[PDB]
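In what follows, a structure is listed as structure tokens, so that the remarks can point back to it.
Note that each Cβ is placed from the backbone with ideal geometry, even for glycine, and that neighbours are counted across all protein chains shown. What follows is calculated from the coordinates using simple rules that are stated; it is not laboratory data.
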Amino acid sequence: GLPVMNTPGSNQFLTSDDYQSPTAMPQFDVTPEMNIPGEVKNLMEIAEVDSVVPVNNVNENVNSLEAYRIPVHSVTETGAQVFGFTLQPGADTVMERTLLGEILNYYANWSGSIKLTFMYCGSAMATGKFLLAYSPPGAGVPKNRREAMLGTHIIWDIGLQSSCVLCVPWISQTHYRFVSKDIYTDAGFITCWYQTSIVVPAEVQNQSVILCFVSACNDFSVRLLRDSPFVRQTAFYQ
Amino acid sequence: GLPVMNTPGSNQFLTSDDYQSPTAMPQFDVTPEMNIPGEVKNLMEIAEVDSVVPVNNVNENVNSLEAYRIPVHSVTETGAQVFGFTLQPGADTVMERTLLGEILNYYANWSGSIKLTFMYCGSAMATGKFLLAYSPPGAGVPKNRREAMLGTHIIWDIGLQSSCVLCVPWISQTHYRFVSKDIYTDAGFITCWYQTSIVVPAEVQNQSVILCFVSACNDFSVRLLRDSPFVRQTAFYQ
Amino acid sequence: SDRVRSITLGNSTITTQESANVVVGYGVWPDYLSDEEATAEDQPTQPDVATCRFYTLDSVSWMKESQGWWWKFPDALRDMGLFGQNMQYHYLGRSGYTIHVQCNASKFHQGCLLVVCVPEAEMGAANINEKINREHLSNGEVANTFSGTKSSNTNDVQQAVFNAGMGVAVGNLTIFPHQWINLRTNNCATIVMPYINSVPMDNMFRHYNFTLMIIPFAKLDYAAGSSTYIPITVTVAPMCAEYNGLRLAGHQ
Amino acid sequence: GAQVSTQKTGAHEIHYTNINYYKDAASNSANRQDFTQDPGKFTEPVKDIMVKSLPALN
Amino acid sequence: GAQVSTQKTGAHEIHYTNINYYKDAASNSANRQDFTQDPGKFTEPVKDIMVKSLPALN
Amino acid sequence: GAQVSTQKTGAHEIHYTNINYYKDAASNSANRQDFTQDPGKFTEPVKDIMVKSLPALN
Amino acid sequence: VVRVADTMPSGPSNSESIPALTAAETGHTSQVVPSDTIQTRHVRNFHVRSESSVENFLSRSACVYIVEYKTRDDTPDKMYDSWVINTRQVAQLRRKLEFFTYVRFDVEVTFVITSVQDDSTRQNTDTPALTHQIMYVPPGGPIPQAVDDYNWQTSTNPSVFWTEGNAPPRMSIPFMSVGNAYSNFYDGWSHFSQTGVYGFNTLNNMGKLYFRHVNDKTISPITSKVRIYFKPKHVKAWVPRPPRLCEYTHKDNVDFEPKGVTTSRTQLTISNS
Amino acid sequence: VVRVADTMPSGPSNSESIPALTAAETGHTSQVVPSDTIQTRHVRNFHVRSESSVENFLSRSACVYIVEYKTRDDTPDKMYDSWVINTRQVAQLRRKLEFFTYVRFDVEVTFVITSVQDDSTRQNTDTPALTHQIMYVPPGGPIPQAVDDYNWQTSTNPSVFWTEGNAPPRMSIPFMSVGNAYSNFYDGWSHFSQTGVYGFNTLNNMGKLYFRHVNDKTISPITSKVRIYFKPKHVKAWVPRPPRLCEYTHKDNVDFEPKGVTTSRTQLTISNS
């Protein structure tokens, strides 16, 4: 024979195996392969596509299409907070159900930069400027516009170009973050602000709708697999 | 198949294994490596660093910082024994808790030369000479100064250079010693002696403090691992 | 000879005539973050003149019976100039240090100190299951003090000179950058400590990087006519400082 | 009939053995070293491609 | 894909076989033949290095 | 890393395989092919060696 | 060896080039690197998108259906137990496969069997090792009708014999779809008059499994439970889709009840509260 | 192949070169070879510092936590048993790892399971082979709540099945710290207002294990005890520190009671007594 002795690890089944198992029906004439358009070889090609964030999720607007509309209108003086939300792609109540939020809910440790994109869906005659900030933590949430412009911001105007890009850079101690809600890794606090009001001429409606999109930059990454907390079943589906 | 037969030794777990086991989470994107200063690749780099020996451990001075002070003062005639201790790095009551004593308490069979270093922490105007002997066994412990200078000694003076080095050489039958207390391998008997007294001028205090340091030379070695006798627990730490 | 040493950092210069040496950490000189270890992506601010300079902390006295002192050192410089401001307004900070400790005495005095710069000196509490307050591990430039006996106060750090707070053997506490201010030869002690941490750029309020411990072994013994009050003065200076993530003020 | 390729290890800090045993391709191990990607058909799904400097449908 | 290196034997009185099987580096065996050391950053942690013949801060 | 040597067989009427597996020398097999001898220090333990023809301390 | 993109350095700029302004009204996803908003430094980033590939994401063993059957009872249908082969009865493996519209994967099946002794008067038996038979049956094959029926003979069909006390069985299955890809979604009927069933069920056609105890009528019934773990590999997937929001209802359709799109905030603007 | 340093020969000397006099007041550790105090001969020393390397010193299997759980009881929490993953509950492995401040090691885990039959009226059973499931759970994963709860399915999580009568299981774990090194010491808080918990505990974040019996409700309870043996390898360690003198108290802090620095002599000067 051949002198061999087993190791601790023999006769066990593991989920992440990569061991060659025999076929049950040999010499199987496999049907040919077809060039189908739209091939995915990495889920990161899917995660970097724009998709709409349900921002307005306030007390039963989620049972409707109303949750995607961010309302904005003419103010009295200036400088108010339209919307604002924490940056937790996987543990938020805002970007929880967006495509980036779903894919990161299948993961645990992520890194990389996140793009937001803001289509303006108002009338063709109204203008207005909006401060789109990013405040890294250590301090709280900036309560007025003067505290908001001491972070990474952008001053966006409404013209022919209806959509902006706030490209949130990567400012972090560690390389990777956590998806789950925890204290050691907090990210930043998006807060949108009136740079000016909305000046609109006569015979046009006053209020309008801003949308928000989300995607990932060139250096986005995910590290650990797990199960997502969205699967809530009781019995089998007979 | 393949003709193989097991040997006595199959299906056992051993503490000192070196056998390749499969991973549980494959293709794991390992976080990068960082150049941290102060890298240890051998514990012998740690064991050859000077560290202070608690010499004065006499009847509740160990519950204080008093145990590190070796007192010394002006004598009447000459030639008295300030301190003295056995050379058992791991089985002594003097060098038991020093860093060399801790590392050798994680080992069993050691060899190599040991340095002592004696900082003098007296005043800036007092002088005095001290005989720092080493008496290999076979005979007892030298009771006066005339019996003490028939070993490996050094005559150390106090001047600008406040610290001495008694570099104890390697005089042994076997290559290696034992850490534990036994009879077959005994090492030597350090005994410090007044070569002269301490002459100090007026308006200065009489008594002073000598310190002791310990380290290892270029050819120091340890051979067998074991558990150290310092770990004394009862239950788990919930 | 090499007893006269000068150090120039910005607009503050220490000249000593009875120094010993300069212990450069674990051999590594301070340096800015090279981009093989880069984690964050926005441009950091490197002041280099208004930050890399000597800041003097409070001075403490050393009687015959004093037991020790400890300073946390990303925290004791909380409110020392633009190092304090650029600590406050940012989120991640990386800096080396340069410790200098003045303490002088005449030739008719004796005694010996021990200046050890221990990284990550996590201290045990006085009671076993009690939460330490923030105002007992540090007090800024106000020095804490060891107690030689078994300290048993509430919400207090375990003060014992024969444990060094961490429960280690205090004679074995010389593995770190250490110098001995023996009062018969030396006027001061210099430790150039580089930034040792497991993350490349860390915050400077949540984290206590290290602890400077001065513990007297040989007590300040002297005659009945000499000057009693012999102070101890400590003055450090950051090196290669940079700051990442500017945000609104405060810490919470 | 051996094949030698590099293991998966991190940057800044191998050559395993693979022998194909069974007589099919459904027994071959999982090809878990395909790192290739191209986000050119989920982003930029367009004719008249943008420049990112021109005003992009001016 | 074989690697041959010397066994650990004493002085004055080998060539084993090592084949890397699994597809990672966390499965590689323990590198228990690193004898390298340098006590230059725990002893001599200093500027203006000593000579051992000069009186060493005279 | 193979070693080939002859088996033990009688006169007038092989080449086995040996691969050294474990990382030490205390795991190497028993060297049971050392046939060397020299009875020169148990016989003839002498100065002024005999000839067997001379009368051998005449 | 493929890295992620690094960060290029930038500086103070005053240009007519506008990375911030784009036209999202064309469906083009904007491509702004963080080196075009603020002054980013040089970052040599060594992240590798390794454990996010379509091979690495789906090649994990997942349960599909538990099968329970005893070794002696009063009725012949509570002895052996069958199962029609489908992946759409557990929401985890199904939800991971429903990112895509069409996939092409080989299946590597692993069975995990546990035996529970039932309660009776005479439980103190000397029971030998149990034996299990798992006979694959292609679509249209013979129907086993008992534990002693002569259709269990496997003159051609794939089978596997296991004895309790070993490693679990494992076999591979090649690509068996008659088209070119396993259709996780088919929008159509079965009859060409646009009638019949609506699925999603017209294109299952996978065959069915069977389980029985090879041992005879024991003197004590033993409840056997076998778990099937599919493990796909060599995976190519096309034309993706967003994941499912609402919970599942059945296996032969896609029907549901409406769910709110997320959980509410009760505020809209963040502050220090 | 690296030897220790040899001994060079020396002779009678009368020099101004003083190896004996050094300045320990600078922190420089003196470097006196024994060839500079007395007349040492030529020694060709063949000691190799082999079994004192940081790899050789820590790569031994050490227990961390015993886990006890039965196969049938009255309460559902005495069946399966969980454990939060930490190395700081047994003083031997903890004290060997607390030479250093930061370490970087891969973990190679080995479980050792023993089954003790409990006392009851009906201990004379014919019990088949037991089966064990050890499901790793990453931080934030689902919480198993019973021995029959459907969270034990392992659609993604690492698991291992063992049957009593074989070699013990073994799996490896790569470097899972989110920083660059497992911090055995962290001097800081959790909240940025320097409040919250003080640790040493803010940076554990390792996940937790789970244990259960795969077999059903047996007719006799069997006390199961599983021992976890960590075995690090590929070890790099930085910036050391002296070992711990005082005994340990808990796992989530460093708190203690003061201990005398050694054991007393009751004399100070040795003699023939």
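Filtered by the rule that a residue be surrounded by 14 or more Cβ atoms within 10 Å (Cβ to Cβ) and either aliphatic (A, V, I, L, M) or in contact with a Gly (Cβ under 6 Å, 6 or more places away or on another chain) (or both), the range E:10-44 gives E:17, E:25, E:26, E:30, E:41.
Residue C:31 satisfies every condition listed in (1) of a type in the set (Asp, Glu); (2) over 30 Å from residue C:175 (Cα atoms); (3) surrounded by fewer than 21 Cβ atoms within 10 Å (Cβ to Cβ) except (2). Kindly check whether there is at least one residue in the range G:71-89 that is surrounded by 18 or more Cβ atoms within 10 Å (Cβ to Cβ), at the interface with another protein chain (Cβ under 7 Å from one of its Cβ atoms) and among the aliphatic types (A, V, I, L, M). No: the range G:71-89 contains no residue that is surrounded by 18 or more Cβ atoms within 10 Å (Cβ to Cβ), at the interface with another protein chain (Cβ under 7 Å from one of its Cβ atoms) and among the aliphatic types (A, V, I, L, M). Scanning the range D:29-57 for residues that are more than 7 Å from every other protein chain (Cβ to nearest Cβ) and either touching a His at 6+ places or on another chain (Cβ under 8 Å) or among the hydrophobic types (A, V, I, L, M, F, W, C) (or both) returns D:49, D:51, D:54. The residues of the range H:16-65 that are more than 41 Å from the chain's Cα centre (by Cα), facing chain B (nearest Cβ under 9 Å) and either part of a loop (DSSP other than H, G, I, E, B) or farther than 30 Å from residue B:121 by Cβ (or both), listed by number, are H:18, H:19, H:20, H:21, H:37, H:38, H:40. Please work out which residue is farthest from the other protein chains (Cβ to nearest Cβ), limiting yourself to the range B:84-98 and to residues that are surrounded by fewer than 22 Cβ atoms within 10 Å (Cβ to Cβ) and polar (S, T, N, Q). Ranking the qualifying residues of the range B:84-98, first place goes to B:86. If a residue has to be polar (S, T, N, Q), surrounded by fewer than 21 Cβ atoms within 10 Å (Cβ to Cβ) and either closer than 20 Å to residue A:94 by Cα or within 11 Å of chain H (Cβ to nearest Cβ) (or both) to count, how many in the range A:132-189 make the cut? Going through the range A:132-189 one residue at a time, the tally reaches 2. I'd like to check something: does the range B:161-178 contain any residue that is within 21 Å of residue C:217 (Cα to Cα) and hydroxyl-bearing (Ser, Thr, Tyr)? Scanning the range B:161-178 turns up at least one residue that is within 21 Å of residue C:217 (Cα to Cα) and hydroxyl-bearing (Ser, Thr, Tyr). Of the numbered criteria (1) within 8 Å of another protein chain (Cβ to nearest Cβ); (2) more than 23 Å from the chain's Cα centre (by Cα); (3) surrounded by fewer than 21 Cβ atoms within 10 Å (Cβ to Cβ), the one residue H:215 fails is (3). With the structure loaded, tell me whether residue G:201 is over 30 Å from residue A:61 (Cα atoms), within 14 Å of chain A (Cβ to nearest Cβ) and either exposed (fewer than 14 other Cβ atoms within 10 Å of the Cβ) or polar (S, T, N, Q) (or both) or whether it fails that test. Judged against the criteria, residue G:201 is a match. Flag: residue B:125 matches the condition of being over 23 Å from residue H:31 (Cα atoms) and in a loop (DSSP other than H, G, I, E, B).
Confirm whether residue B:23 is within 14 Å of chain C (Cβ to nearest Cβ), among the polar types (S, T, N, Q) and surrounded by 15 or more Cβ atoms within 10 Å (Cβ to Cβ). No: the conditions fail for residue B:23. Residues in the range G:27-36 that are within 16 Å of residue A:215 (Cα to Cα) and not small (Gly, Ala, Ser): G:28, G:29, G:31, G:32, G:33, G:34. Considering only residues of the range A:99-112 that are part of a helix (DSSP H, G or I) and within 7 Å of another protein chain (Cβ to nearest Cβ), which is farthest from residue H:155 (Cα to Cα)? Filtering first and then ranking leaves A:99. A single member of C:81, C:140, C:124 is at positive phi and in contact with a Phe, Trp or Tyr (Cβ under 7 Å, 6 or more places away or on another chain), and it is C:81.
Tell me the residue from H:224, H:264, H:271 that is buried (at least 21 other Cβ atoms within 10 Å of the Cβ) and small (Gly, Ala, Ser), please. Every option except H:224 fails the conditions.
Restricted to the range C:1-107, the set of strands (runs of 3 or more DSSP E) holding at least 1 residues that are within 11 Å of chain B (Cβ to nearest Cβ) and either within 30 Å of residue A:219 (Cβ to Cβ) or among the hydroxyl-bearing types (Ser, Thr, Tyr) (or both) comprises C:92-96. Is there a residue in the range C:226-242 that is in a loop (DSSP other than H, G, I, E, B), aliphatic (A, V, I, L, M) and surrounded by fewer than 18 Cβ atoms within 10 Å (Cβ to Cβ)? Within the range C:226-242, not a single residue is in a loop (DSSP other than H, G, I, E, B), aliphatic (A, V, I, L, M) and surrounded by fewer than 18 Cβ atoms within 10 Å (Cβ to Cβ).
Got at least one residue in the range A:169-188 being in contact with a strand residue (DSSP E or B) (Cβ under 8 Å, 6 or more places away or on another chain) and outside any loop (DSSP other than H, G, I, E, B)? Within the range A:169-188 (the criterion being in contact with a strand residue (DSSP E or B) (Cβ under 8 Å, 6 or more places away or on another chain) and outside any loop (DSSP other than H, G, I, E, B)), the answer is no, since none of the residues qualifies.
Being acidic (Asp, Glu) and within 22 Å of residue G:112 (Cβ to Cβ) holds for only one residue in G:81, G:77, G:36, and it is G:81. Only one entry of C:220, C:212 meets the criterion of being crowded, with 24+ Cβ neighbours inside 10 Å, more than 7 Å from chain H (Cβ to nearest Cβ) and outside any loop (DSSP other than H, G, I, E, B), and that entry is C:212.
Here the strands (runs of 3 or more DSSP E) wholly within the range G:90-179 that include at least 1 residues being within 26 Å of the chain's Cα centre (by Cα), within 14 Å of chain H (Cβ to nearest Cβ) and buried (at least 20 other Cβ atoms within 10 Å of the Cβ) are G:102-117, G:131-134. Within the range B:29-49, is there a residue that is facing another protein chain (nearest Cβ under 7 Å) and touching a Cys at 6+ places or on another chain (Cβ under 9 Å)? The answer is yes, given that some residue of the range B:29-49 is facing another protein chain (nearest Cβ under 7 Å) and touching a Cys at 6+ places or on another chain (Cβ under 9 Å). Taken as a whole, the range G:24-33 holds no residue that is charged (D, E, K, R) and within 19 Å of residue A:220 (Cβ to Cβ). Taken over the range H:221-273, the criterion of being in contact with a helix residue (DSSP H, G or I) (Cβ under 9 Å, 6 or more places away or on another chain) and of a type in the set (A, V, I, L, M) is satisfied by H:235, H:237, H:245, H:261. Which one is nearest to the other protein chains (Cβ to nearest Cβ) among residues in the range A:190-216 that are of a type outside the set (S, T, N, Q) and touching an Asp or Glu at 6+ places or on another chain (Cβ under 8 Å)? For the range A:190-216, the residue satisfying everything is A:213.
If you go through the range B:170-226 and pick out every residue that is touching a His at 6+ places or on another chain (Cβ under 7 Å) and of a type outside the set (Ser, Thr, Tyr), you end up with 4. When restricted to residues that are surrounded by 15 or more Cβ atoms within 10 Å (Cβ to Cβ), more than 7 Å from every other protein chain (Cβ to nearest Cβ) and of a type outside the set (A, V, I, L, M), the range A:50-69 contains 5.
Quick one: would you say residue C:186 is among the polar types (S, T, N, Q), surrounded by 24 or more Cβ atoms within 10 Å (Cβ to Cβ) and in a loop (DSSP other than H, G, I, E, B)? So residue C:186 fits the description; yes.
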